[PDB]
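Take a look at the structure below.
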Amino acid sequence: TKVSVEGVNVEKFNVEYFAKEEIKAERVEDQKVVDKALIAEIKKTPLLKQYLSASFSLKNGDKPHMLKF
Amino acid sequence: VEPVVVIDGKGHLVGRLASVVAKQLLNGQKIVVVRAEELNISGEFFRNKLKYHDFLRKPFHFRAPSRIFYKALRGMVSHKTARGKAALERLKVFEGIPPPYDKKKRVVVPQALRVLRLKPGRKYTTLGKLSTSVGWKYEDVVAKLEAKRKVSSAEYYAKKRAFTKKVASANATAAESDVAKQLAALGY
Amino acid sequence: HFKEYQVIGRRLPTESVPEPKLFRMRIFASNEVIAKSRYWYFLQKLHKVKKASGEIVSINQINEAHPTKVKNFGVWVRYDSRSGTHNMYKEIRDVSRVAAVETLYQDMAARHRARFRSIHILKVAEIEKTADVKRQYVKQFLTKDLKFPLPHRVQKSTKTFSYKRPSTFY
Amino acid sequence: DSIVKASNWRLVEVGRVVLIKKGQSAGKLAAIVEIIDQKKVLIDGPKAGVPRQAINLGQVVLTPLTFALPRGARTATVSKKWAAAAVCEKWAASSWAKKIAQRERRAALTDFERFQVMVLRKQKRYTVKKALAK
Amino acid sequence: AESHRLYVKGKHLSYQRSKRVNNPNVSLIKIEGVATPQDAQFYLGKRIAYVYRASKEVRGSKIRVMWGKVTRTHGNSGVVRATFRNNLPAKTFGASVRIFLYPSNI
RNA sequence: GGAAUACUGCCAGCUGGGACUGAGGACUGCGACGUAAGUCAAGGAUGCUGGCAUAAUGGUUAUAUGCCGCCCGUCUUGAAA
RNA sequence: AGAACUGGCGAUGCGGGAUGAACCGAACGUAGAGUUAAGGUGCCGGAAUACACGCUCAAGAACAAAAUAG
RNA sequence: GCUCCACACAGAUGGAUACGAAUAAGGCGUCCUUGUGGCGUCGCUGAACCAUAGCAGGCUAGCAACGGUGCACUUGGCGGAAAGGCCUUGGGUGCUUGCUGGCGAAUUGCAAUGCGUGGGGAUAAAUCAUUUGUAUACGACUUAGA
């Protein structure tokens, strides 16, 4: 399953952006900007929000070599 | 996969069942064996009563079918060693199905059943008859209280069947709906 | 698996004996080398010619004409046993000659404990008309609208534990 | 009156529908065309594209479906009889084919599809548990 | 969520060994739901960890873990050989081991 | 009549997954890319990231675990003894 | 009894053979990866309760031997 | 064991999900021909059923039902093979993801799985002393006196 990330501007993020040299305000602003753009596409299909809110976990009888991810 | 496995000895070969149980519990799997008296050995009564007195005429000898199965299992495990002794501590053998194992599911081993292993039209021996012939004195009580075990367990199964009837009716009435069709489309 | 190989030889033609008899026989083997070895052995046994005094003219695999048609084959088997030698005739029902000869070899190794070394396939002949077959166990599969069941199937279970108590029905 | 239980065994015969379990043609249907011996039987499955070849009865499981077919029928005749008898339509109606299809679909289920299945199962149960007890 | 497991459970059978000679450097691990070499091929290279409870305190927990890696398949019943930085104590025969999914190839 | 397929062999064909190995120590040579500048998988691991001084790790010994190991030297003898 | 012609061992580890000097493979610096021999793959023991054809109810895995297909 | 003082610590992490019997027959539904009955349906494995969404699973505003269920109560029966477990009438208090939304996740920075003593207060009982002899090489065994 793939969402249309074309609408999200990812040019700002780079390797030096994550350098670790209370969270920086600029980081929070960028996260909010990314979330605002991504939520519109995520809600465009049913259960995508709920699906992403659910934590993946294995169950008895599950065969990862058989499960089609 | 199962924390504890209950195996119904009825209809199984002593050798194959012992070998599979030894291999399984050597890997740390806990196994419980029930209805050992109903375990079967290939061949008619003669040649099964024999080969037992032959080693008997040599120590201590146990007549109970469970003890016979344990002896068969004991020789397939490297006893006298810590791993062998520890492995044998994960095994339990009883005649019939004493509680609380009577209230839990019992499994079978397809590769050890007499039906699937013995060719049709060949005589076979049963552990209960041999044990009684070699001095076992609890076959009568074992059979008597095993018959009682089937009693009221048939009634429990009937009640479960009645409940599943209502469950199936509830599923059917809700079936064919939009949600039901959506689930069926995805193989569920 | 086996294959049919046609092998010919003319004992290294020399002066005063041009164009020799050109012995021919249809050898059965799993490879060309075994076919050539068996051809040499048969020539030595049945003819006054040795491997060092011969030449393999050609060797080509022969495939059955109709590997789908069910046919009956009569085989004139000759083999060496614990005492002397005894000619034998048998009838085998198989789709192809290779399968028929393989089954014949298996039966010989089973009902006679004879191996490829002592077994000689003199001739295999197809039979199609009814009443020409003689063995009862081959006539058994020539009745009109023949139908038989397969009771007590032994279908295998991968898992060591089964909760179904499987039934042998078919 | 006289009583005899079903005891109906799936008999091997010309035109018997058989599903192959082992080999390159596993999972495909075929029809028996002739009998060779107690162990090997000739089959043809031109509908599924399987080649006409001899197969041991242990490599194949007999299906309850049957149709008329002359003994030794070639590929063309076998295909004609298969089309006429509507063998494919009968196979799909059988619960065995439906179970095979369900197993294949479950194997092909995606993780997001699995989550959707879980949600729909919860929704269906919410009503199933309310249908009972009253 | 009910289950938090993200690894395939497995059982440690025994080290690679001859009749009278054993090689503790190579361990044999059984993977649940695996019975053929082809199925075990997917588990090659995955990190395998062994979890056991300790009596004395440690650097911030009470659990001690021994990490390992899958090297190659073993036998025909889906058995797979595993190697660890520190070999198992040989007392874990039949114990439970955790076969993680990473590194992933899907 | 024609497709194929079945089988043997070739590819100085393509494309992944798994395990061990990092040996040498400024350039001398055989080769490829490119009109050239220059580059390269071309006579041996390069770069990044993650944990650390009440460290990280390693070491000594008691038991335990899976397997193995007839008590030492001498002489008899062709051998074990 | 008497010899004798070439060979296995003399001083020889290692793997298999329940153990063995007359067997099979193979002869030796310290380790890793990989591929094998004899020998095996129901457990002890690492590995297919593999596949296919028939045989045998009793063991079966040189001496008491002579009396289901063609 | 009742009480005070003084000290102390072989491998759960989804559910072992329960008729019996045969294997040259079996279950499931229906009905009458109540029987070894007729019909349809299912196997050819457990690749199945439960539940499985929420910070290692929070706060919180609404909608749809009068359900599902965790915990402590209460009613009745049941389980003697190693019962010690099974339900279950009634109400109490929480969740409910059955449905519609909001609040927070960050910096751990790219993974390092993430439970009784040793000293006292009372005392139920044992052995020795005595005796007993139906016991006796020495242990042991057999009696009784607040």
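Please read every residue number as a count from 1 along the shown chain.
Determined by electron microscopy, 3.3 Å, according to the entry header.
Note: Cβ is positioned from N, Cα and C throughout, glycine not excepted.
Listed in Swiss-Prot for this protein:
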type     : residues : note
MOD_RES  : C:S30    : phosphoserine
CROSSLNK : C:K123   : ubiquitin cross-link
CROSSLNK : C:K129   : ubiquitin cross-link
CROSSLNK : C:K147   : ubiquitin cross-link
Could you tell me the C-alpha distance between C:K147 (ubiquitin cross-link) and C:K123 (ubiquitin cross-link) in angstrom, no decimals?
32
Starting from the Cβ of the residue listed as 'phosphoserine', draw a 10 Å sphere and report how many other Cβ atoms land inside it.
13
Of these recorded sites, C:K123, C:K129, C:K147, which scores lowest on Cβ atoms within 10 Å?
C:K129
Could you tell me which three-state DSSP class C:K123 (ubiquitin cross-link) falls into?
strand
How many Å separate the Cα atoms of C:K123 (ubiquitin cross-link) and C:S30 (phosphoserine)?
18
Cβ under 8 Å to chain D, applied to recorded positions C:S30, C:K123, C:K129, C:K147:
C:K147
Using C-alpha atoms only, work out the spacing between the residue listed as 'phosphoserine' and C:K129 (ubiquitin cross-link) and round it to an integer in Å.
31
